[PDB]
Ligand SMILES: Nc1ccn([C@@H]2O[C@H](COP(=O)(O)OP(=O)(O)OP(=O)(O)O)[C@@H](O)[C@H]2O)c(=O)n1
Ligand SMILES: Nc1ccn([C@@H]2O[C@H](COP(=O)(O)OP(=O)(O)OP(=O)(O)O)[C@@H](O)[C@H]2O)c(=O)n1
Ligand SMILES: Nc1ccn([C@@H]2O[C@H](COP(=O)(O)OP(=O)(O)OP(=O)(O)O)[C@@H](O)[C@H]2O)c(=O)n1
Ligand SMILES: Nc1ccn([C@@H]2O[C@H](COP(=O)(O)OP(=O)(O)OP(=O)(O)O)[C@@H](O)[C@H]2O)c(=O)n1
Ligand SMILES: Nc1ccn([C@@H]2O[C@H](COP(=O)(O)OP(=O)(O)OP(=O)(O)O)[C@@H](O)[C@H]2O)c(=O)n1
Ligand SMILES: Nc1ccn([C@@H]2O[C@H](COP(=O)(O)OP(=O)(O)OP(=O)(O)O)[C@@H](O)[C@H]2O)c(=O)n1
């Protein structure tokens, strides 16, 4: 096996993940089977305790674990299904060694941070790097290891020990390191010294960088590259630079044009992977398809405006997957994405006396947008405004997607306005009883579950985007579903539930009959959107906002003929 | 409250504990209420998993937890009952913060090594420093904090962060630090540089030493003190030196004569503790009694030779408490202690053909000794030789003490030789059934439990040493007890069980009627031996080995008239 | 005596000098006698070898040494005459200890970087801090020590050793340190970690900061101050911040409003300086006069445009003193300064075919400007264009100042256009002989020398600005003077030499009779411009460019009535 560490810097937030999965997207250009592990220095075992206000969105796996949010950036860049084990955390590894301590697996020795815990970290990395995350069941050929925090933190010290020892447990010419570092510009001059002091830190703990990659406000000057390479064990051609680019999807082409892979090919001696012709071809095809979606961003002539309406939209990382799912789809439509961020509570009739100015800004965004999106918010607060946003797109033929709480609110609105029933509400308003629009179903429902189309719904816009396939597989995070008692009334009035579960009891998709595009999903489709294969419910929202939905379904926008 | 850190060095094993509890023994000379915490960098939560072969003896508390062995050094030096919480460990504190993470006590924040875990360590130190470990229920006035490992270890990095922040959570003029450091002598010259490089390390993590204390092969030269104080923020009078001394019990007088406390009095402004006259007097009396037991070591004219017979006596830390209990008692008898270490298996009739040379060395030790001691060994291996050592002291009137497995073997031997019954054995040889000398009693029996003298046994040598008090309280670690069915036969033959438990079902002490000193205890009395109050079963063993037992009971050897 | 170090950062160029002399300007607000030392890590002994292209202008002392350029920033901020010894450099101190090594002043000991060279640095700082640099001959009360480079450089390591030892040779409560450090803003967030890593570096070498001062793109957030003070031994009120301000002369008011001195008053216990009432008053008056010149910058309604015409004006530090002399004077005139930078060679008739575009930009600047300034350039290259700039201001009544080479070119032009004599040139064109406008006078003439007005010249605009005083004292740097043989012809034609030397042989000032303001000086007056007392030849240039020269001479712009 081969491995690539991405680590480093004098600051957290320097740029690692885009240098990480982006480096891993280019390993796939070579035809390689590829995987990724994110090592987190924080002490949470999982994001299941972490509220979406800090550390952001609880990204959800095929295996239904609430992971680190960043893992998602690797399932889009590489096109892989990761697992709950690919997110190493400081709380996860202290728990695993402490479990073995009380089980007595150390044969009554004292157990130490070195060597026992640093062995555990190496034994975890080489365990997880066997798992076949890729489009065929063979073990990966390269693993990208991203070390979070900064080298020299008292929180990241166990992992730089474990990785140093791993440079020997794995060989040189099988392991390499990319160190990401700061070139601050002050008084209009690029200063090298934070890279010198952080490389002094790096060699102290015993890792040696095979590349340096700079966060800089500028293109690095020719002398700045020379004054970094005069102070580190790299040639001047391995001081990489992730400068300003037209969009984040260009970074793997930027790295490839900086000859980043033409070094890693030699430095990891990748002629030693015995690839079949099918893999070598599928590598070149993935690069061609990347050049196509990238070209479709530069060659983008016209804007699509989408209002994303939810709780606390100020906290923009809390909707990160939703944004990326809209970006992947917008490059298929060749159209520039313009998300309007609406706080759902600013739409309310009460907000007009309380905070009038922001209420007009919110309603201008809703009134301007070519599509509406209710994104699967957290808790009840935003609900009353999200109802009026769903009403706005039901009545006037605006394209719409509701995700999770958005299906809940598409159904509450269609109840509250098409059936009358003005008292109806989420099951969250428990003591109203008779008018609850939803029912509890704890089984929380999580992870990849199937969904099956109802066999008559040949008219459906959404089941056309899925290619007329009989079923789909999707991620879930819900404790409530629409009350089955009401569903015949909603189906008879035209809110047709075009997809249900294995039992047929659970409401998984709705489409409103004879509207240009009004969909909701109980699942979160943004947790399976990929840059070359956009998630179908979000592709339909952008394509109908562009007024091109028919031609996207007919195939006028696939990447290769 | 006031606090004293003891930390440091370029090596583990430099001398901390003797500089720690020894500094704490002198805080008690001032009359202060005193406590101690040992911070261990290892990842075991407790010594209950740790086999006695590495990290040594599982020291046992009043509260019955299997602690770090070193805690014992503080219960002898200070005269305090500690608790399972006074041994902070890296595995204990990661477990406590990870428990709060899954309970959700962090209110859905991400939880970090800084500030959350470094707050947990400070909140633990100031929690535990409230506990009244001393001879009256008031909270301690000084806490001695010993930081294990070395500063600059990747295992000790969380604790030097937590202690730095603690220098502010507690004030300066309430916290002080003693750093213990190496002065190697090579080519006959004292080199200062390992102290310079380790003090550079110390100030990097942000602690500042109020004293330096040197491990050195010599008295520090006047220039060595000056060349350390020219490189650290200490006066030349605060470079302390724990040099070679007549015995370890002299170290608090060495520190006091080096004016170590005459600085800490000012540096911790200890006039601010409002002591009552009773405390001030009991402080001076504790110093006088220390000068007495110390004088009784220098003024020691004659040797007592004791054979300690057990499994794997090569592993001398595995019997550490037993050695210290013999030392405390030997200073009461004014006699020099000479422990002969015997491997119990080398006494066996089989060892004579297998390894004849070591078998003669073992038997010469048994034949020479003025007393025999079977120390409460681990597992079955040594048993056959320990029987012959108990027989040797039953028949010939040699003084004897059996501790735990030693009472078991005193009873197996008295069965195997006085009752005949040559097939009898420990309950460990389970499938013999009918001839098992013991019975299972899991309740493992642990911690401080009472023991009550049988009301007729006024003749007893051991219940005389306990001052004719009605009951005693002692530590236990046993899964087996002598089978109650047999005890009438043993009592009638003269192996009188002079002490039993609350129920009267359990065999806690035996004394053989009409022998000069042949005792065993099911408890481990070495876990309550103190330097001014020696544990009575061990005092009797030394005093009878000295042939002075009568006069020790009559009071010819108490420290003050 | 008291002392203040200014040091630090993860980068060179962070802001030290403005935090240094600015802190020293506020020590003078307290009435204190004040001095400054700049410690340079570079190996040049003096700027006399350093070409003005790199490290910039060779600033010149009262004592005529070619110093570090930065010393000037302290002679403006404090109002002091420094000496060649106030610029400590790595080349200067290795030379001084190596001289004592060959003289044998070490009594045949081996001489070491510690302690001998670190003693030399301390013995230099306390030597120089005695020198009476101030407006009365008493020794200074505070010394500001600026440590150049960054802490943790292999070039600055001898000085952080010497300063650590100096924290003891001088007492605490006599020495304090200000550490200047970076808060980079990326992704719109202020990151603290470069300050944590550089403070870890600082405490390693053993200095402790009594203040931190941040270079930041922003006002520091309340949490950024707290997260620095949680990681350093400073209160949150001693994390100072030199943010963006209207001009550099506001920084001492910014520091004073951040309560910077209200701490240093206590931290250096400055009630212990026994000031007389005259000093206490002159302190408050200096603050009032600073508030006045600062107010005159904010209250500045109208611009003055000045063309500064010379060689290589792209290298803007090479003219630094000239810029500051124009700034000090512009605040007296209440007018906003706008220096147009002209490359002198772009004015040439040859430049019109060679590089036409830049030639028009150069001539637009010359044609726009309200005043012309020829700044005392280095070498011959620019001369031909500087002639045409002097002609432009002779003929059309534009205000003019020529400094050094500018007097040379004022005289070459007046010769070349008023006397005819079109072949005349600088003595630099040696082999023309008969038409050389100048003569060699090596004595190089350097340092503070007098100049005496010619006793009839009561009409003079410049000798009016000097207050009708009989003589002036000024800095020089010249190897050529105007040929005395010609001076009668120039005086008779109206280029009156209104000032000459002690002998009357040397051409020190000229004024053209009956022009609104056309001055030149052979000396460099910008080496004695101060912020409260602007250098008179530059005050006249700004005031005549403003058309207000009469009223400045009559006194309509002095700071206090
Ligand atoms: N392939 C990627 C990589 C990053 N991002 C986005 O960029 C931001 C985070 O970038 P990252 O690469 O993780 O840098 P930071 O986290 O800011 O810093 P670090 O280097 O510490 O990860 C987030 O919006 C993340 O979703 C993304 O959309 N796609
Ligand atoms: N010396 C330190 C300081 C912090 N941490 C931990 O590592 C993380 C790094 O986060 P970082 O972005 O460094 O936060 P700050 O320390 O505030 O750094 P910044 O100021 O850039 O946020 C911290 O959250 C904390 O978990 C650490 O290990 N060692
Ligand atoms: N009051 C004390 C202190 C120490 N010792 C003994 O000395 C040895 C350990 O000494 P210690 O002070 O702990 O030093 P080390 O552990 O060798 O090193 P460190 O400084 O790391 O603790 C053990 O036999 C311990 O029982 C003792 O008998 N009584
Ligand atoms: N931090 C230090 C200390 C000393 N030196 C210099 O390097 C030499 C090393 O000599 P050394 O043997 O280290 O002398 P000491 O510092 O006293 O070390 P030791 O105590 O082993 O003599 C010193 O003489 C002094 O010249 C140095 O460069 N850096
Ligand atoms: N009282 C001052 C201080 C500084 N400057 C100007 O500001 C620049 C240099 O600022 P300085 O304070 O020296 O910062 P740097 O040299 O950039 O960085 P350092 O902190 O390393 O000195 C130069 O134009 C210098 O003349 C000035 O005009 N007046
Ligand atoms: N590790 C180093 C590197 C350089 N220097 C010296 O200290 C000076 C600091 O200048 P600096 O501004 O740090 O130059 P760079 O090293 O290039 O840093 P920058 O990239 O910010 O210019 C250097 O010129 C060199 O004299 C040093 O002492 N130690």
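Here Swiss-Prot sets the residue numbers for chain A, with the shown residues being 1-443, 455-572 in order.
This entry, so its header tells us, was determined using electron microscopy, 3.5 Å.
Just so it is clear, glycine is given a Cβ too, placed from its N, Cα and C backbone atoms.
Neighbours of residue A:404 (active site, for GATase activity), defined as other CB atoms within 10 A of its CB across all chains, total 22. DSSP assigns residue A:404 (active site, for GATase activity) to coil in the three-state reduction, outside any helix or strand. The active site, for GATase activity annotation in Swiss-Prot covers A:404 (among others).
Sequence annotations record features per position, and here Swiss-Prot assigns ubiquitin cross-link to A:422. In the three-state DSSP scheme, residue A:422 (ubiquitin cross-link) falls into the coil class. A simple way to gauge crowding: the CB of residue A:422 (ubiquitin cross-link) has 9 other CB atoms within 10 angstroms, across all the protein chains here.
DSSP assigns residue A:535 (active site, for GATase activity) to coil in the three-state reduction, outside any helix or strand. Annotation source Swiss-Prot lists active site, for GATase activity at A:535 (among others).
Residues or ranges marked as active site, for GATase activity in Swiss-Prot (evidence: sequence analysis): A:537 (among others). Counting every protein chain shown, the number of other Cβ atoms lying within 10 Å of the Cβ of residue A:537 (active site, for GATase activity) is 27.
Taking only the Cα positions, the spacing between residue A:422 (ubiquitin cross-link) and residue A:537 (active site, for GATase activity) is 32 angstrom. Taking only the Cα positions, the spacing between residue A:537 (active site, for GATase activity) and residue A:404 (active site, for GATase activity) is 11 angstrom. With a cut-off of 8 Å between CB atoms and residues at least 6 apart in sequence, the same chain places A:60, A:321, A:376, A:403, A:404, A:485, A:486, A:487, A:488 near residue A:535 (active site, for GATase activity), listed in sequence order.
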